[PDB]
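Overview (structure and organization)
Chain residues, written in single-letter form:
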Amino acid sequence: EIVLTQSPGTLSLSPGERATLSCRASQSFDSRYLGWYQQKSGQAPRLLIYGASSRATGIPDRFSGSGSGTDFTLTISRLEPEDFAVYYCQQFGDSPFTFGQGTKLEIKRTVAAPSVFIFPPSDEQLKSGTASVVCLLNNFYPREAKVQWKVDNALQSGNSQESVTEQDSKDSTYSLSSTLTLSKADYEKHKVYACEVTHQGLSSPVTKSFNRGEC
Amino acid sequence: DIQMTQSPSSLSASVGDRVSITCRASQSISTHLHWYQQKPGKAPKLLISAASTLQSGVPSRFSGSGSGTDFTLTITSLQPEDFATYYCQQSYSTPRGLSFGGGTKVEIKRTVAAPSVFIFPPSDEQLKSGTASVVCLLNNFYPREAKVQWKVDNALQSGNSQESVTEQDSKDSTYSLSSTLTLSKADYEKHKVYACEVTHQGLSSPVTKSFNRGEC
Amino acid sequence: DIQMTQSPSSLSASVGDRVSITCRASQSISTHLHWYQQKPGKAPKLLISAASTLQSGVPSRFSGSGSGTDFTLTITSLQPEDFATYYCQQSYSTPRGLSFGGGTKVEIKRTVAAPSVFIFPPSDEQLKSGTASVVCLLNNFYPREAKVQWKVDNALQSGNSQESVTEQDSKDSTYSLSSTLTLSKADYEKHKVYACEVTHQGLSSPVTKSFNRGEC
Amino acid sequence: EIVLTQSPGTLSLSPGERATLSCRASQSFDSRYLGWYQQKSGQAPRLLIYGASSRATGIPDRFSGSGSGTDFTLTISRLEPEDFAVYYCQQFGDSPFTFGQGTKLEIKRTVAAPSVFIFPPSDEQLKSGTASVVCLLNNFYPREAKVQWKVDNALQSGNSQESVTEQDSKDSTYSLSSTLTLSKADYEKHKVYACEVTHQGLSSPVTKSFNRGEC
Amino acid sequence: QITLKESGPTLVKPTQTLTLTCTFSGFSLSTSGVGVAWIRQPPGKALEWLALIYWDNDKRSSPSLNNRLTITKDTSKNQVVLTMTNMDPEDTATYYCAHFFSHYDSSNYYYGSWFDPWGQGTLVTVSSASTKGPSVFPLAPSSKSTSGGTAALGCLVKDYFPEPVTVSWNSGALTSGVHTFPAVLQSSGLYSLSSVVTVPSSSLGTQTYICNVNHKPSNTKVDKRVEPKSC
Amino acid sequence: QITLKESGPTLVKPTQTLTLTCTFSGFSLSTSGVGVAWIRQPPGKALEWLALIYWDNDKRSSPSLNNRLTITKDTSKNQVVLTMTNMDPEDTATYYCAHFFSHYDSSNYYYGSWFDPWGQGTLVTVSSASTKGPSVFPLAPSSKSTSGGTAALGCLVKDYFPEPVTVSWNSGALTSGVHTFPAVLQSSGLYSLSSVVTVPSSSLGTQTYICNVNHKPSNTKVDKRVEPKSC
Amino acid sequence: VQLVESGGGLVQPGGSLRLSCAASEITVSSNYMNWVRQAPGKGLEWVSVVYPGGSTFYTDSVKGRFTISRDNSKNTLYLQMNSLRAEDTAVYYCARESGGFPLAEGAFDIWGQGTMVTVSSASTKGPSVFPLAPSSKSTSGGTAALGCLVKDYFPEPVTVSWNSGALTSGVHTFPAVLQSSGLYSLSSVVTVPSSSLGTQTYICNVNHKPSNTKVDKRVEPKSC
Amino acid sequence: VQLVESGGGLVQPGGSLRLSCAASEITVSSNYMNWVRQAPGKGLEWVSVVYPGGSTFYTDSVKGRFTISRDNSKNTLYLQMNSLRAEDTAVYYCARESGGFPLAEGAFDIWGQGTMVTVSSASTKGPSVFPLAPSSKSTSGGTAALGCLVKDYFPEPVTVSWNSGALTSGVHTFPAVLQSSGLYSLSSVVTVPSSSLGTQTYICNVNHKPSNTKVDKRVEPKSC
């Protein structure tokens, strides 16, 4: 089976500059078997280049392709604000036809620190038999961040869930919410609930906590 | 007329490492390429069929890939009995065009070593009939590449030398070499001093070994 | 069918004297006759063209004359390397009629000498299979002419003798001769005494050399 | 070049007997290339035999020829008094065509001694600045004779001239005149002028002289 | 211009079989070189080609999934039906039908091929749990006076099935900073997300906060009040 | 019967050129196999063939003299002209033109060839000295009484050029024994001969002795008296 | 599957020869059968093919003067080479095309051992044996070499031994080289310590079988 | 001008053979080229001629069964002899007719070295070696002779040596004679003084190359 590896895994470039994407094939096939597709946020993928050098109909001249043997590249000369999406290389060489893992083009910006906020469960959720406390990290760049949960200053692992949102349409920052779910035997068996956050925009990790009893 | 080349001409490899050898066609031949292995003094044996299919009875360490104009034969764990000559043959052109590749030789890799460099004169017994052979012998040198030149009173002797090289031994995995000049009686009798200059990777500087006709 | 003869068949000459050899045709051939020289073990070399024209590179001591039915080749100073066989060839008859002459042999002349005359019996080893060879050997005789006859108890043995003669040596310019009789076992075993009679110019009287079967 | 040698150089035979002449050629040519010509005293040569055996027209049957290879002969069976001349063999084999040196047929006779006479120069020749004295030997046979001049009994060489006449028409003898030419510095510097003659008809040479002063 | 639309059961029970119908317009399955392909994208993963049917009823399937995948065509109705059996919970994905075509030019040179227009896509899930209305728990701004007028407040909609739930803050009169994070599959094959809004602490008790949360498969229309809770 | 006659300059100066014309009658230079040859005879030497011209204007010359010998024919006037250049004193000779012919007989067998009638001959000399009348010196019978009536008396004609001089003794009344020896080329390329008569000493003072010597090229007509001179 | 060869040898240029390939466990008439030649020191070259139906094909170099046939009765393949030239000196292999369990179409899966064919006018004769002594030195690191030069012979192979096989360590025989005069020569050398140069007499034995030359020549250093 | 021959040997009567003449410095097609044969011991005989324009002529004895040709590509002359009979045993010479600087028309100015052709059914085999000892006498003038009789072999040449070349003075080898049985024999004798008959052991070595006979036989007088 032919395996296509894209590079880089993630890519961030502010509008105006040059975008380069690479796709390397495990086996060797004709250069006319490889195409490039672009898929935007929550959209069906659309054809971008076929034959590794033949631009699709209607695609602007900003997209070009160059292929040789087991090395293919997609070049974007002028990249506009509407040109940030995920890019897949796929082959028609051997069955089954396989796509690449993709490459997310990102809108670059200056580094910002995430506001870290904490929200406890409601009385209804103290009534449901399962209580979740949500820890939010907002307005940060880049996407990379780490959060660790502490029940009475004791590290938690395997008992929390994560959800990071997509890039905003106006500020290009990221947001993230992580929930910690427990029962009453755990929620009323301790006092302290804390998030410690490690971000590239923060020189030192920040530990922020709350106590159910005091409030 | 499908020209077919192999890269590299010969590579030296250790035991257990992965090795890849490439075969290139002058034009795309789809997957009509086959890989054969031939040991010295024996007939070739078919390793890979259709450039990707392992043959029955061939160890799984042999694999083949590629298509069109570029093909590759890959060995994962090069066993000590995998040292042979590998040919790529195409069956694409015509029933009268089953050309073969040049062939790739795989031999054991070891540390460099300096040869013993000896000069052997034309002995009187062979000289008595006007047929004189002079010998420059290089003993136990690795790798195979070496340069030998012939010297007579700072003059350069070229165009009539014969080179005989032994293949790698099973004991020390080195090489041996003999360079021979054959000349008629007066094509040696008039001249005075005969030397052989040798150049090897394992030697920092070329070495000259000279002997006098007059002295012995 | 132009018969072509040479005179003499062979002549003996010294070094430096003038020698003439004649070639005669059965009918007039104008001047379409050529003189060739051939040394033993070699190919002929063209000496004289058109019976009068010296060839380029031929020493001036060779000259040719005559016309019609009589032609002559003359050498002024017969050098020591001029001893060879000379042929006259005609190119007159037809494209299928380039006949050659008999040939004239020129050899060194010296003083007469008597040969050693030896008789060699049929040895027992060769006799053990019924094949007996008896030999009469003449050593160092000049000139070439000699007569050899075979005798058995005053009987005459004829019709089965073989003659082997050596050409003139470069040391003494003499000849050697061997006469051999081959007979089956009983074609010799019954008879008693075997002799060889020899006659040479250098010998005043013929000499008989006899040996007994019974004695040895 | 073909060279024809005749033999003998001179030949004397009284009328009635057999005349034989030979001609030998250096090279070998066909016998039909050689002819024989006869030239008399002060006459143009006339053809005698052509083809070495074919008698010319009008020539009497007394002349015959026989040729083979490089040897040719002319035979005269009956030779008459009018048959004494010079005979040439010539060839038409190779250019240039060459004649023989000739053979003078001579009228034989008994041996006779030559009268030896001496005549001095005239006073006019003592006036001309050059004086010649003439010595005459007449009526001798054969043609061979020798004369030596002596000025005061001293042998002379290179200062005299000779002239022998042809055979007479009636007596078949020969005559000869030899002149000695000198100047006055030589003619009046000596006394004796002598001829000594050696002839086959003379047993001993004869010395005969004169002196200018005494006469 | 051509279009393709997928339809079928978006709620498929485990170890059962689904049938998906792609209706296409602008082309017909009779032109040479024209085909209909089915591709799937798992949530958060890369694409994976499933099947491809040609104009001459020639069909190709992924060898690792060809034992349980059948593809059929109806040229008269311009439809392509993909039937897939023996479902597993990891088969949840979004399925596209796409137009497949090649480009030869006057000499049959094959300047490549492509998957041109893809369908809108149907999000199909494989699970056992049935529908369930979301439980809404309001998430309270913390006890801070000003903090530079920076705060966030939300509501958590948890334990709902299936996707999706639509959240609106103050009926479109509060959309500045409303983060509706993508819902996460709970450990029990169930869905839970948080919807928050970034607001200034200087307008805590004077600006109303509501979240109208909607879920058609469960017909859940809950207008949850969010208010500041002190200590 | 055929005739040939030569004509030309009998007095040729050295290192100059002569031209000799042979006029022949009885045949014409048109019959096949007929030629005109030129031969020369040096005084007292053997003959030497010079040139040969054929009926078809084919000419042959002696290779040792072909570089300076030209031969031409005029069939209309029945003439043959030999031009010879670069003369030497040894070229003095008598030149004959002769008829050359061969004899074939009904099968072209060539029964030989010949030089049949030769011309009368022209005596041509090569020298520098011009004409000169002969000097006559009478040669006196010696002082003898009888000697058996045997004596000779003559006159010497010396230093004359060119040939010949004709001597007559007593105008034809004394021809018995008149020896006129052939003239000898003197060392200076000049001519001298003696003319003597054998007479008896018994008629010394009673028989007149004269020699009329004649030389047309010098017009010398001298009737020299010979008389006995005593001591 | 066994394919046993026969028919090799040496021939004069312009001669002829016949090669035989006896197969077992397969049928020669029922398979694609090829003759493939390899020159000594060079690569493989396809020469001829015969189809199961009897159709034949040849490479361009051997057109006309080479023919391929089969005998069904005893299941053999035959190659008749005529007008042989010097470029035909090689090892010839009988191979089965388009076989193997995965059915390697167009590939040779079963090979014979090949016969050797030589085409030269070398006029078979015997090798001369010449000794080679090292430099006249005392120890020079305890390394000396003595050799036997084998010259002017045809054809291969030849056997070279030291002390009739009594010495087998450190012996290096070099492959014979084709002289421009059409003869063969090689050198067989061996390294011994100098201290053993005297106490151990050495003799080089050359056994050239085709010319029946059994030559043993002494190997001792010289006096300079 | 060089004319190099090739193609000689021995053949059975009724066989065939091809002779080659490779010329240099001249063109075979542009000259009159002749084959001229000479029997061993007899005179030269003209065999065949080929004209520059390709016309050919043959002598009467070889009409029909002999043909002459040329190859322009490599400038060679060829003689194909078929139905060979015993009268064709001779040395054959390639000659150029009507050449030479003075233009010897009708004459052969350039000759090859000639090849040897033998036509007999002698069934090639080996020579027997027989010793010959002189009369049992003391000195008899100090003249004795000992000989080696070499018998019953085909074809020529053979090598005869005395003491393996140690004796070379006074040795007389006689030319081999063709026996009526189609074999060859000769005698190689040598004269030595009688005083050296005992002190000098003699051995006659006969090396017949085509039959590979290497026979050394002792040569000593006998006891009568």
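Residues numbered from 1 in each chain as written, not as in the entry; some residues may be left out. Chains lettered and ligands numbered in written order. Part of a larger assembly, values for the part shown. Heavy atoms only, no water.

For this entry, the PDB record names cryo-EM as the structure determination method and reports a resolution of 2.85 Å.

A word on the overall build of chain B. Tallying secondary structure elements over chain B gives 2 helices and 18 strands in all. Relative to its length of 216 residues, chain B is extended, with a C-alpha radius of gyration of 23 Å against a globular reference of 17 Å. If you line up chain B on its principal axes, its C-alpha atoms span 65 × 40 × 30 Å. Total accessible area computed for chain B in this model is approximately 10100 Å², and 50% of it derives from carbon and sulfur atoms. Counting 20 positive and 18 negative side-chain charges, chain B places the centres of these two groups 2 Å from one another. (Helix = DSSP H or I, 4+ residues; strand = E, 2+ residues; numbered from the N terminus. Rg over C-alpha atoms; globule rule 2.2 N^0.38 Å. Areas by Shrake-Rupley, 256 points an atom, 1.4 Å probe, with all protein chains shown as cover. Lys, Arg positive; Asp, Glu negative; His and termini not counted. Charge placed at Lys NZ, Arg CZ, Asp CG, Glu CD.)

When helices and strands are tallied, chain G shows 1 helix and 19 strands. Taken over C-alpha atoms, the radius of gyration comes to 23 Å for chain G, far larger than the 17 Å a tight globule of 224 residues would show. Considered along the principal axes of its C-alpha atoms, chain G spans approximately 75 × 40 × 30 Å. In chain G, the share of contacts with a sequence separation of at least 24, taken over all contacts with a separation of at least 6, comes to 56%. Carbon and sulfur atoms make up 49% of the accessible area of chain G, which totals about 9900 Å². Computing the positive centroid from 17 side-chain charges and the negative centroid from 14, chain G places the two 9 Å apart. (Contact = heavy atoms within 4.5 Å.)

Next up on the list: the interface of chain E and chain A. Taken together, the contact between chain E and chain A spans 50 residues of the former and 42 residues of the latter. Of the roughly 3700 Å² buried between chain E and chain A on both sides combined, carbon and sulfur atoms contribute 64%. The tally of links between chain E and chain A comes to 0 salt bridges. Run the count over chain E and chain A and you get 9 residue pairs in polar contact. (Buried area = accessible area lost by both parts, 1.4 Å probe. Salt bridge = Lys/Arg side-chain N within 4 Å of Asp/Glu carboxyl O. Polar contact = N/O pair within 3.5 Å; in protein donor to acceptor, adjacent residues only side chain to side chain.)

Our next topic: the packing of aromatic side chains. Under the definition given, this model contains 80 aromatic pairs over all chains. Relative to B:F100, the ring of B:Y36 lies with its centre 5.8 Å away and its plane at 50 degrees, an arrangement referred to as tilted. Note that B:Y36 is positioned in strand β4 (residues 33-38) and B:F100 in the loop between β9 (85-90) and β10 (104-108), a separation of 64 residues in sequence. B:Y36 gets classed as buried once you look at its relative accessible area, which sits at 0%. Under the relative-accessibility criterion, B:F100 is labelled buried at 11%. Considering the side-chain rings of D:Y187 and D:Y193, the 5.3 Å spacing of their centres and the 15 degrees angle between planes classify their relative orientation as stacked. Note on D:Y187: relative accessible area 11%, which makes it buried. A relative accessible area of 2% means that D:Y193 is categorised as buried. A connected cluster of aromatic rings, assembled from ring pairs, spans A:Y37, A:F92, A:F97, A:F99, E:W49, E:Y54, E:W55, E:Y96, E:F100, E:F115 and E:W118. Sitting over the face of the ring of F:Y109, D:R32 holds its NZ or CZ atom 4.6 Å from the ring centroid. The side chain of G:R18 reaches across the aromatic face of G:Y78, ending 4.2 Å from its centre. (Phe/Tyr/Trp six-rings, centres within 6.5 Å; stacked < 30°, edge-to-face > 60°. Buried < 20%, exposed > 50% of the residue type's maximum accessible area, 1.4 Å probe, protein only. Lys NZ or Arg CZ within 6 Å of the ring centre and 35° of its normal.)

As for its placement among the helices and strands, H:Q179 is situated in the loop between β16 (177-178) and β17 (184-192). For H:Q179, the contacting residues outside a window of four places in its chain are C:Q162, H:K151, H:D152, H:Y184 and H:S185.

Here the focus is the sheet that holds strand β7 (residues 62-67) of chain B. For sheets, the rule is that strands pair by backbone hydrogen bonds, running either parallel or antiparallel. Residue and element names in this part refer to chain B. The strand order β1-β3-β8-β7 describes an open sheet built from 4 strands, whose pairing is antiparallel. Strands at the two margins of the open sheet, each flanked by one partner only, are β1 (4-7) and β7. Neighbour to neighbour, the strand axes of the sheet diverge by 20 degrees on average, direction disregarded. (Pairing = 2+ DSSP bridges. Axes fitted to C-alpha atoms, helices over the stretch in contact; angles between N-to-C directions.)

Throughout this description, disulfide means a covalent bond between two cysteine sulfur atoms. All names here are of chain C. All told, the structure shown has 20 disulfides over all chains when counted by the stated rule. There is a disulfide in this structure between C23 and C88, and the S-S distance comes to 2.0 Å. Sign of the S-S torsion, about 75 degrees for the bond between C23 and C88, identifies this disulfide as right-handed. With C23 in strand β3 (residues 19-25) and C88 in strand β9 (residues 85-90), this residue pair connects regions lying 65 residues apart in the sequence. The pair formed by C23 and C88 is uniform in burial state, with each residue classed as buried. Disulfide pairing is shown between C136 and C196; the S-S distance is 2.0 Å. When the S-S torsion is -80 degrees, as for the bridge of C136 with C196, the disulfide is left-handed. Placement of the pair is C136 in strand β12 (residues 131-141) and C196 in strand β17 (residues 193-200), with a sequence separation of 60 residues. Of the two residues examined, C136 and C196, each falls in the buried class. (Disulfide = S-S within 2.5 Å.)

Okay, the domain arrangement of chain G next. When cut into domains, chain G gives domain 1 (2-119) and domain 2 (128-219). For domain 1 of chain G versus domain 2 of chain G, the separation of C-alpha centres amounts to 37 Å. (Domains from an automatic or database assignment.)

For the structure on display, the rule yields 8 cavities of 30 Å³ or more. Considered as a void within the structure, the largest cavity measures approximately 120 Å³ in volume. In this structure, the largest cavity is lined by 17 residues; those nearest its centre are A:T179, E:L156, E:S192, E:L193 and E:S194. Listing elements by their share of the lining of the largest cavity, those giving two or more residues are β12 (131-140), β14 (160-164) and β15 (174-182) of chain A together with β13 (151-160) and β17 (191-199) of chain E. Ranked by residues supplied to the lining of the largest cavity, first place goes to β15(A) with 4 residues. For the lining of the largest cavity, the residue count by class is 6 nonpolar, 9 polar and 2 charged. (1 Å grid on protein atoms, 1.4 Å probe; cavity = no way out; pocket = protein on both sides within 12 Å on 5 of 7 lines; lining within 4 Å. Points joined across faces, edges and corners; volume = space filled by probe spheres on them. Nonpolar A, V, L, I, M, F, W, Y, C, P; charged D, E, K, R; others polar.)

Moving on: the domain arrangement of chain B. Segmenting chain B into domains produces domain 1 (4-108) and domain 2 (116-212). A straight line from the C-alpha centre of domain 1 of chain B to that of domain 2 of chain B covers 36 Å.

Residues and elements named next belong to chain E. In this fold, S147 is placed in the loop between β12 (135-139) and β13. By relative accessible area, which is 43% here, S147 ends up partly exposed. Residues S147 and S201 lie 54 residues apart in sequence; the distance between their C-alpha atoms is 7.5 Å. At 2.8 Å, the side chain of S147 and the backbone oxygen of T150 are in polar contact.

Note: most residues except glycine have negative phi, and most peptide bonds are trans. Note the cis peptide between E:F161 and E:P162, where omega equals -10 degrees. For E:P162, the location among the structural elements is in the loop between β13 and β14 (166-169). With phi around 70 degrees, B:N154 is a residue other than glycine that occupies positive phi space. You can see B:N154 is positioned in the loop between β13 (146-152) and β14 (155-157). Looking at B:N154, the relative accessible area reads 58%, which means it is exposed.

To continue, consider the pairing of β12(E). All names here are of chain E. Judged by how many residues are buried, β12 sits mostly within the fold: 4 of 5 residues are covered. Pairing between β12 and β13: 5 bridges, direction antiparallel. Across the sheet, the residue bridging to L139 is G154, located in β13.

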